[PDB]
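Q: Dropping a structure here in structure tokens format, bear with me for questions.
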Amino acid sequence: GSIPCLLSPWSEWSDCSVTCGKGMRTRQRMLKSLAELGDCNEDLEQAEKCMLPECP
């Protein structure tokens, strides 16, 4: 079974980069390819859009 590179699942997203108004969030993971399957150009970090409500 020629599967893609052994990578851990994406962990839960942390709090957003802003408290109110326009903003974004980010999350990361790590490789778990102990069997040295190779080395892939696959992603370990990802970003997402997340605007918070008006500033309190």
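Ordered as shown in the structure tokens, chains take letters A, B, and onward, while each chain numbers its residues from 1 and ligands are numbered from 1 in the order shown.
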Find the residues around segment 13-24 of chain A up to 7 Å (only C-alpha atoms counted), leave out those fewer than 3 positions away in its own chain, and share them as a list in words.
A: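 Answer for this query is residues 27, 48, 49, 50, 51, 52, 53, 54 and 55 of chain A.
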Q: Would you put the residues from that selection into a file with C-alpha atoms, as an mmCIF file, in the first residue's frame?
A:
data_model
loop_
_atom_site.group_PDB
_atom_site.id
_atom_site.type_symbol
_atom_site.label_atom_id
_atom_site.label_comp_id
_atom_site.auth_asym_id
_atom_site.auth_seq_id
_atom_site.Cartn_x
_atom_site.Cartn_y
_atom_site.Cartn_z
ATOM 1 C CA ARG A 27 -2.304 25.537 13.533
ATOM 2 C CA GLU A 48 -7.472 30.052 8.311
ATOM 3 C CA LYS A 49 -9.641 33.233 8.254
ATOM 4 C CA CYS A 50 -11.428 34.188 11.511
ATOM 5 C CA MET A 51 -12.897 37.619 12.139
ATOM 6 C CA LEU A 52 -14.078 38.253 15.718
ATOM 7 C CA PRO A 53 -17.105 40.498 16.633
ATOM 8 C CA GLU A 54 -16.786 44.293 17.221
ATOM 9 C CA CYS A 55 -14.369 45.366 19.966
#
Q: Name all residues at most 10 Å from residue 4 of chain A (count only C-alpha atoms; drop same-chain ones fewer than 2 positions away) and give them as a list in words.
A: residues 1, 2, 6, 7, 37, 38, 40 and 42 of chain A
Q: Please produce an output containing N, CA, C and O atoms for each residue in the selection, written as an mmCIF file, in the first residue's frame.
A:
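Written out: result_27.cif:
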data_model
loop_
_atom_site.group_PDB
_atom_site.id
_atom_site.type_symbol
_atom_site.label_atom_id
_atom_site.label_comp_id
_atom_site.auth_asym_id
_atom_site.auth_seq_id
_atom_site.Cartn_x
_atom_site.Cartn_y
_atom_site.Cartn_z
ATOM 1 N N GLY A 1 0.834 -1.209 0.000
ATOM 2 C CA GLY A 1 0.000 0.000 0.000
ATOM 3 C C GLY A 1 0.862 1.248 0.000
ATOM 4 O O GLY A 1 1.349 1.632 1.064
ATOM 5 N N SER A 2 1.085 1.868 -1.163
ATOM 6 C CA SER A 2 1.895 3.074 -1.283
ATOM 7 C C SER A 2 1.063 4.268 -0.811
ATOM 8 O O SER A 2 0.307 4.866 -1.578
ATOM 9 N N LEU A 6 3.683 9.716 6.256
ATOM 10 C CA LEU A 6 3.188 9.534 7.610
ATOM 11 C C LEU A 6 3.325 10.855 8.378
ATOM 12 O O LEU A 6 4.421 11.233 8.810
ATOM 13 N N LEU A 7 2.212 11.565 8.545
ATOM 14 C CA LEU A 7 2.127 12.851 9.229
ATOM 15 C C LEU A 7 1.061 12.748 10.305
ATOM 16 O O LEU A 7 0.062 12.049 10.127
ATOM 17 N N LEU A 37 10.126 6.572 5.620
ATOM 18 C CA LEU A 37 9.386 6.310 4.389
ATOM 19 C C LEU A 37 9.916 7.101 3.193
ATOM 20 O O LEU A 37 9.686 6.690 2.054
ATOM 21 N N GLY A 38 10.577 8.234 3.440
ATOM 22 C CA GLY A 38 11.151 9.119 2.477
ATOM 23 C C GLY A 38 11.223 10.483 3.144
ATOM 24 O O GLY A 38 11.693 10.608 4.281
ATOM 25 N N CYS A 40 8.617 14.068 2.227
ATOM 26 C CA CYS A 40 7.663 14.737 1.343
ATOM 27 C C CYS A 40 7.601 16.246 1.564
ATOM 28 O O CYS A 40 7.726 16.725 2.691
ATOM 29 N N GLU A 42 5.044 17.931 1.788
ATOM 30 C CA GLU A 42 3.759 18.177 2.426
ATOM 31 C C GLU A 42 3.876 19.207 3.555
ATOM 32 O O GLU A 42 4.942 19.414 4.147
#
Q: I'd like the interatomic distance between atom CA of residue 25 of chain A and atom CA of residue 12 of chain A, to a tenth of an Å.
A: 11.1 Å
Q: Please extract the residues of chain A with a backbone DSSP assignment of strand (DSSP E or B) and present them as a PyMOL selection string.
A: chain A and resi 7+21+24-28+31+45-49+52
Q: Keeping only N, CA and C atoms, write those residues as a compact mmCIF listing (two decimals), in the first residue's frame.
A:
# COMPACT_ATOMS: atom_id res chain seq x y z
N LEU A 7 2.21 11.57 8.55
CA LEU A 7 2.13 12.85 9.23
C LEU A 7 1.06 12.75 10.31
N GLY A 21 -12.90 42.25 15.32
CA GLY A 21 -12.75 42.69 13.95
C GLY A 21 -12.02 41.69 13.05
N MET A 24 -7.28 36.29 11.51
CA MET A 24 -6.93 34.94 11.05
C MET A 24 -6.44 34.08 12.23
N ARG A 25 -6.26 32.77 12.02
CA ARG A 25 -5.78 31.78 12.99
C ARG A 25 -4.81 30.86 12.27
N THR A 26 -4.03 30.09 13.02
CA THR A 26 -3.07 29.15 12.46
C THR A 26 -2.98 27.91 13.35
N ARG A 27 -2.50 26.79 12.81
CA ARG A 27 -2.30 25.54 13.53
C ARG A 27 -1.22 24.77 12.80
N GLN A 28 -0.56 23.86 13.50
CA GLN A 28 0.51 23.06 12.97
C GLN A 28 0.41 21.62 13.47
N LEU A 31 5.74 15.56 11.68
CA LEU A 31 5.86 14.31 10.94
C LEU A 31 6.08 13.18 11.96
N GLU A 45 2.15 23.28 8.66
CA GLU A 45 1.48 24.45 9.21
C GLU A 45 0.42 24.91 8.21
N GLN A 46 -0.69 25.44 8.71
CA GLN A 46 -1.80 25.94 7.92
C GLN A 46 -2.44 27.12 8.65
N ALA A 47 -3.02 28.02 7.86
CA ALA A 47 -3.70 29.23 8.29
C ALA A 47 -5.18 29.20 7.86
N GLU A 48 -6.03 29.95 8.56
CA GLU A 48 -7.47 30.05 8.31
C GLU A 48 -7.94 31.47 8.65
N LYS A 49 -9.04 31.92 8.05
CA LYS A 49 -9.64 33.23 8.25
C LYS A 49 -10.60 33.19 9.45
N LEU A 52 -13.37 38.23 14.44
CA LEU A 52 -14.08 38.25 15.72
C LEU A 52 -15.16 39.35 15.67
